[PDB]
Undergrad: 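Dropping a structure here in structure tokens format, bear with me for questions.
Throughout, protein chains are lettered first and strands after them, A, B, ... in sequence-line order, and every chain is numbered starting at 1.
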Amino acid sequence: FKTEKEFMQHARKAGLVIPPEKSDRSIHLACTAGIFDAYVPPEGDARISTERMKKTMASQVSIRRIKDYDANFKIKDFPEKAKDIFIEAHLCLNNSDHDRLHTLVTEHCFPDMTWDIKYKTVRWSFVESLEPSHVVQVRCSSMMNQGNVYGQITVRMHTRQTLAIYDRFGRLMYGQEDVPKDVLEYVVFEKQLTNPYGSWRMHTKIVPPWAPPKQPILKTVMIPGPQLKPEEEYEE
Amino acid sequence: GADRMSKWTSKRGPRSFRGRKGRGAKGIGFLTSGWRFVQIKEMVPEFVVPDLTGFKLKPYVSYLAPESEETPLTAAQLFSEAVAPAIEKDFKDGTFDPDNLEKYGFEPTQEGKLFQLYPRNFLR
Amino acid sequence: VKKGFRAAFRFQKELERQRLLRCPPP
Amino acid sequence: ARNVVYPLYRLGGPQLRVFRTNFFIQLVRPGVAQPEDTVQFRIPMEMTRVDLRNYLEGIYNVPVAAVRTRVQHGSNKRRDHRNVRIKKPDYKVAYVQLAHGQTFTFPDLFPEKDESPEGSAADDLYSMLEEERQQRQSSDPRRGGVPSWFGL
Amino acid sequence: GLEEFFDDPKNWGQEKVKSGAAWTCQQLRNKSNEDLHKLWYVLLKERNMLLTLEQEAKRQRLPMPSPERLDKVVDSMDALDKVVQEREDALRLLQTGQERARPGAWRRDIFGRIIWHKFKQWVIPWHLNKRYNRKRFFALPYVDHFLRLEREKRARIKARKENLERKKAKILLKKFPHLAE
Amino acid sequence: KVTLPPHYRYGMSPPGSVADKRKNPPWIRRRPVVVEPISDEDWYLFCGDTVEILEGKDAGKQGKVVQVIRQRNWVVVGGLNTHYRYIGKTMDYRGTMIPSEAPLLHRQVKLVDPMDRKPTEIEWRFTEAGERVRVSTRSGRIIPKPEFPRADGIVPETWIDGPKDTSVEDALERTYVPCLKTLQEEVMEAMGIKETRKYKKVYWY
Amino acid sequence: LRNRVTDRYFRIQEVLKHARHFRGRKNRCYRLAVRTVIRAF
Amino acid sequence: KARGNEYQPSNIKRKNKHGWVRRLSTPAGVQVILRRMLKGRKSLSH
Amino acid sequence: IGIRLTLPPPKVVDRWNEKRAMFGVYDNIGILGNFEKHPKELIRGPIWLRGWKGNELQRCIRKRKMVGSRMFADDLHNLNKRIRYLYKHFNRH
RNA sequence: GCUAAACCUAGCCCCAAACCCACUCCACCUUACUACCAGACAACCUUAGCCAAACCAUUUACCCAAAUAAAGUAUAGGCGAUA
RNA sequence: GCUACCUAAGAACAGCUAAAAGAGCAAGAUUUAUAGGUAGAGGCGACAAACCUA
RNA sequence: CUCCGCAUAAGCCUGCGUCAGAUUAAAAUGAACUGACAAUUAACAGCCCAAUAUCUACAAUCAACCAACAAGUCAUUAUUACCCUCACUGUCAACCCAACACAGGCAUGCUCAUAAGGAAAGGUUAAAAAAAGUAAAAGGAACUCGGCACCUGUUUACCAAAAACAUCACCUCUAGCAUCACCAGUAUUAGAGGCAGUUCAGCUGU
Ligand SMILES: [K+]
Ligand SMILES: [Mg+2]
Ligand SMILES: [Mg+2]
Ligand SMILES: [Mg+2]
Ligand SMILES: [Mg+2]
Ligand SMILES: [Mg+2]
Ligand SMILES: [Mg+2]
Ligand SMILES: [Mg+2]
Ligand SMILES: [Mg+2]
Ligand SMILES: [Mg+2]
């Protein structure tokens, strides 16, 4: 049993009365689980290259909160700053520079970026930027536990990248080493506005349903059918 | 082969041993002829429980309470608060004389008292 | 644990020889 | 009271009284089926059935018809890491039968419904854990192990 | 009634039960003897209820709700005994000047050790007591050598402990040289 | 009460917790940790005080002390001197990555002056009234001891008495009239218990 | 002062290096090796 | 025909033969207790 | 087996600590101090081994003579036994 | 590649200096750790054999108040061993 | 607490010839539970110089 | 299959009840191992009794008849004193002392063949040798160290013989006496010694 309920159900069935623990100390979180207000990427945005006023107003309300904690903040500079953070973070993957990567990405992003490539070799390069990145959305969380206020900024990036992933044995499993390809990404950046040392770090990516299917993998795959016990009969 | 370390109790030994040894309960009587047990009412402890109706004190105290310094009671402090005032008044009036210590509550002996301080003859 | 340094140092040099033979440097 | 000398009684002496009894008892759920008028207690070793009847009637105003006791042996089988026996303490069990046709049933002191009403007292850590687990997706078989982070 | 052994039916199932602070000795010292006598049974019924809940929690294999309540109640009853004992102790000193409530005497035992012998109550005088006289409150010369061996055993243990403390101090200075003083 | 074995290794988890039991089982016998002895009077670090880290991954940063483990001369500074670990991980689930602080020794941490946020040294001194306060070695200023939530978890301002909590008026009220009588004698008089039988003398030996 | 040999390993290897090409336990067990090595020398 | 079954446990015999009161009954028995006390025996007697 | 796989903590001896720096001072207290004190008076140690040397038998005899009355019972018993053992050993019995 | 290997502390030893110990409550000489009945029992008296004499038969050692020296001297002793 | 002997107070023993009660076939110089006593220069022994917890 | 079984005593002390286990038996259900929880409730049994004096010749055996000898577990009164009551403890188990193939040991009541309690075979094959059992032509111990069929008591051995010891009787020896053995005895006593079936016929794997 993995779930906690099953563990505590097994614990009550074992008479292992585990008392809870109260302490002044608590786990200190530098980021959040997910996006504060998901930004649905308008369908057809890639094709191109009163509601708008209401949505823009929310960004204007949020940007004020960010300015309060840090007065010397310009939303105009962020797209260039975000582009640099995005490129540096991915470059860390090429050489497994995890300690540097931790400064550039949050603890929510870090597992997603590095877990799958632990025993793989990643070669990634930022060839070009097709159109300038612009801040599509700006949100800010309400007061949370420990007086932690977070600010999330979503940046739309349309760029030309190159990715080649090799397996544990040096054999190419995905992508092409040098062929540049066009990628449209919406990248949310988060910062702990309360923390006196918080900085803007990559948080998560937004994947719209209309997004085109990604590059096919080289190797063939077998999806196994139902493994049935002798009594059970297969049903189409 | 016998277990030396284990606690010796009335569960162990033959019938004679098991009957004689008890678990520390105080006797409330005696045995007469025919192993008849006579229970003495006075030996049985009488529980003195007060009337709790209209009683304001509760098991806990509110946390909004002024903390105070701990001053354990002493014989001197009890004398200054219970016996000193009466002697002080009599001394000013000249009525006080050593021979009459009992007037202020002094007990020359504990004999003849229901509750004797020493040797203590009463239960908690 | 036996007190002394010379034997431990000599054995360290011994282990380094094997570390070289096991993986001969380029 | 326990761990206190009892004043010796002589024929014709005063009644023995205990003003602040240090006897503490536990009402317990019977391990087996009992009659409706029977209540089971765990009491100290020194407490006699006569004490328990006076204790319940005097302090709790519970009319007691009959009281029976027994001494439960506590297992001495367990051995610690030093192979030294660990003694589960012996305790005394009392069975009290209520007078005047009164009956007792041990209450449910841990109601499953009331224990888990799903009251809202959001924990910052707990929400983050559950939330991220929902975001967690099984690896797509068709991707065949390829990292899903890269937009390319 | 029997329901006094259980908590307020509302509390049953609640994860926690908020409770106040335990009585302090100074707070109880202000109260009268009659109030302390009534408070004892107020605390006693609370203690029995908590002891009952604690056992049922084990029977149900669940954690006891707000276990610190039992610690507080035991603290208050312990404080109440101390406050009442101090009043009796002080009163005994004034009226009799006796340090202890129970008479006793310093005695030597059959093993040569010096022990404080607490007296028991008897209906007959000690010289007529068959069982009491069998006890030997003296030691014979053969005990003298064992007393010396016991004393030397004590000295060896004391010497080792003092030597160890000095050694630990030298280890401390070795790791933290600034502590030379 | 807990009967901690000698040379018990104090760690981040409190003694008696689930983690402590698995880490320090009764049979475990590890080399003792040599801790510099600091008297309770000489201890100048408390939970809630702003402190500057002098060594480690992020030296020169300032944060509040969230926990003090005296047995190890340890101060835990929230969000600083951290590494990363997974919490809630299972075989099926990778788990959630969080930042976890590592303990810092008292020497590795320095107090910061209130007027100017800079590392400073303090010496315990007495105020004119008589209170004991910490004064900085350079440009002496009183460093008010931080205000931290009580370990019991009770906030006096939000406290509301319960059905079993005695009121302030009732607890403070003084009913004790000192007199030369025991609780037994007073209670019998109050309850009108009549005992006319004399207590027969017994022998004590 | 308590003295214990700390370099016995090297003393044994002096014998064993001459017994590597021997057959069986003579090539590794010192007490067997030494006797065969002495005969070889 | 039986072997190694010399021990026929009897609590009355065990207490009477090796009991505390028996040891104290004579000076030699008292010294037995003293030796075990010196050695630190957990059980001085049966 | 039997040989440590790592180097022991490096040995750092302070040759100029106060004890070493002043070693030997006053060993000529008599020759240079009008013989008011003899160098053997500087010797610290057991009362029975100050300015005196001997083999184990002689040491045991000397210790029993000087502090035998103050010794612990078991220690004195061992010392008496040792002397008897050494007396036979050193006299070729 | 397994089995394993490796470790530095826990403490301990010898001295010095100082003459140590111990009544929370309760229980404990009866079958110890057992609340509560006419007691009566009372301690004192060469250590021995034996290391050695190559056996053994008298014979040798374990204490009595200052390191050293007088001195292994006076002296004792199958005048042998040895003391 | 084995064993030898002893002390106290117990217990057991079908049928068959059956006068006689007796290791007749299958009620005794029998067997046996409990507690106690005798101790190594010794004890105990229907005496094997045996046994006295190997 | 039953060899027992149930109960008590003694011993033992939670040692196959529930839940859980990643531990365990050949056995990843069982579990006697581990963790938690529960449990045996007095009427049975144990635990007894005021003093002082005084009383107590007549066995048991169906106790009657007929008998005995080794001569026997079973009893009061007087006067004084005494108005009180149901406490305390044992109560579980597949269990003890052993031996480590039950090798064995183990008091009493009841059941006398069970209404209670149990399972000799992990699977296969069906060599030798080995163990036990059964059957066996003709013969019937042949060939083999040796088959089978002055009283009493213990002993090694066992069908047993033999010797030893004990012992009835017998004999000598010492002792004229009481308040711890001999003995609450008294020379008709006490103690210590000595005691001098074959053959044949018949049957058997010998
Ligand atoms: K058992
Ligand atoms: Mg009962
Ligand atoms: Mg009865
Ligand atoms: Mg039963
Ligand atoms: Mg059946
Ligand atoms: Mg079978
Ligand atoms: Mg088979
Ligand atoms: Mg034939
Ligand atoms: Mg023939
Ligand atoms: Mg024939």
Undergrad: Hey, can you check L/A57 for me, is the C1'-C2'-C3'-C4' torsion putting it north or south?
TA: north
Undergrad: Give D/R49 one of three labels, base, sugar-phosphate or nothing, depending on what nucleic acid heavy atoms sit under 4.0 Å from its own.
TA: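 Sugar-phosphate contact only.
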Undergrad: When rounded to the nearest Å, what value does the distance between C1' atoms of L/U155 and L/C112 take?
TA: 38 Å
Undergrad: Please classify the nucleic acid contact of I/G2 as base, sugar-phosphate, or nothing, using heavy-atom distances under 4.0 Å.
TA: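 The residue I/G2 makes sugar-phosphate contact but no base contact.
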Undergrad: Using a cut-off of 4.0 Å on non-hydrogen atoms, how would the nucleic acid contact of A/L16 be classed: base, sugar-phosphate, or nothing?
TA: nothing
Undergrad: Is the closest basic N to carboxylate O distance between I/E56 and I/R82 below 4.0 Å?
TA: yes
Undergrad: Under 4.0 angstrom, heavy atoms only, what part of the nucleic acid is H/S10 near: base, sugar-phosphate, or nothing?
TA: base
Undergrad: Considering Watson-Crick and G-U wobble pairs with both distances under 3.5 Å, what does L/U144 pair with?
TA: none
Undergrad: Hey, what do you get for CD1 (E/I110) to CZ (H/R23), rounding to the nearest 0.5 Å?
TA: 13.0 Å
Undergrad: Using a heavy-atom cut-off of 4.0 Å across all strands, would you classify B/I40 as base, sugar-phosphate, or nothing?
TA: nothing
Undergrad: Map H/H46 and H/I12 onto RNA chain K by nearest heavy atom, then report which one ends up closer to the 5' terminus.
TA: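 So the residue in question is H/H46.
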Undergrad: Please work out if B/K11 contacts a base, only the sugar-phosphate, or nothing of the nucleic acid, heavy-atom cut-off 4.0 Å.
TA: base
Undergrad: Which nucleotide sits closest to the side chain of E/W126: K/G36, J/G39, J/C12?
TA: J/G39
Undergrad: Take the angle between the ring planes of H/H18 and H/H46 and call it parallel below 30°, perpendicular above 60°, tilted in between.
TA: tilted
Undergrad: Between H/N11 and H/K15, which residue's closest nucleotide on RNA chain K lies nearer the 5′ terminus?
TA: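 Result of the comparison: H/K15.
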Undergrad: Regarding D/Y91, tell me which of base, sugar-phosphate or nothing describes its non-hydrogen contacts under 4.0 Å with the strands shown.
TA: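 Base: the residue D/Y91, judged by heavy atoms under 4.0 Å, touches a nucleobase.
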Undergrad: For the side chain of E/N163, starting at C-beta, report the closest nucleotide among J/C15, J/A35, L/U41.
TA: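 Given the options J/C15, J/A35, L/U41, the side chain of E/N163 is closest to J/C15.
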Undergrad: Do the six-ring planes of J/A61 and J/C62 sit under 30° apart with centres under 5.5 Å?
TA: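 Per the 5.5 Å and 30° rule, J/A61 stacks on J/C62.
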Undergrad: Compare the minimum distances between each of L/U89, J/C36, J/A5 and the side chain of I/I1, then state the nucleotide with the smallest one.
TA: J/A5
Undergrad: If we only count Watson-Crick and G-U wobble pairs whose two distances fall under 3.5 Å, is L/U8 paired to L/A107?
TA: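 Under the 3.5 Å cut-off on both distances, the two nucleotides are paired.
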Undergrad: When we call it a touch if two heavy atoms are under 4.0 Å apart, what does I/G51 touch: a base, just sugar-phosphate, or nothing?
TA: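 No contact at all - I/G51 keeps every heavy atom at 4.0 Å or more from the nucleic acid.
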Undergrad: Rounded to whole angstrom, note down the P distance from L/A136 over to L/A142.
TA: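 24 Å, rounded to whole Å.
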Undergrad: Can you tell me the base-pairing partner of J/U46? Count Watson-Crick or G-U wobble geometry only, both distances below 3.5 Å, and say none if there is no partner.
TA: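 Here J/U46 is not engaged in any pair, so there is no nucleotide opposite it.
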Undergrad: Rounded to whole angstrom, note down the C1' distance from L/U34 over to L/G15.
TA: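 Pairwise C1' distance, L/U34 against L/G15, rounds to 14 Å.
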Undergrad: Would L/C37 and L/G17 pass as a Watson-Crick or G-U wobble pair if both distances have to be under 3.5 angstrom?
TA: yes
Undergrad: If the cut-off is 4.0 Å, is E/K167 near the phosphate of J/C12, judged by side-chain N/O to OP1 or OP2?
TA: no
Undergrad: Using a heavy-atom distance cut-off of less than 4.0 Å, which residues of residues 142-154 of chain E contact RNA chain J?
TA: E/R151, E/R154
Undergrad: What is the distance, to the nearest angstrom, from the CZ atom on A/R12 to the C1' atom on L/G35?
TA: 17 Å
Undergrad: Between K/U34 and K/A8, would you say there is a Watson-Crick or G-U pair if both relevant distances must stay under 3.5 Å?
TA: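 K/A8 matches K/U34 under the WC/wobble rule.
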Undergrad: Is there a donor on the side chain of I/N80 or the base of J/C62 sitting less than 3.5 Å from an acceptor on the other?
TA: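 Per atom types, no contact qualifies.
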Undergrad: Would you mind classifying the nucleic acid contact of H/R14 as base, sugar-phosphate or nothing, using non-hydrogen atoms under 4.0 angstrom?
TA: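 Touches a base.
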Undergrad: Just by the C1'-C2'-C3'-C4' torsion, is J/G72 north or south?
TA: south
Undergrad: Who does K/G37 pair with, Watson-Crick or G-U, both distances under 3.5 Å?
TA: K/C5
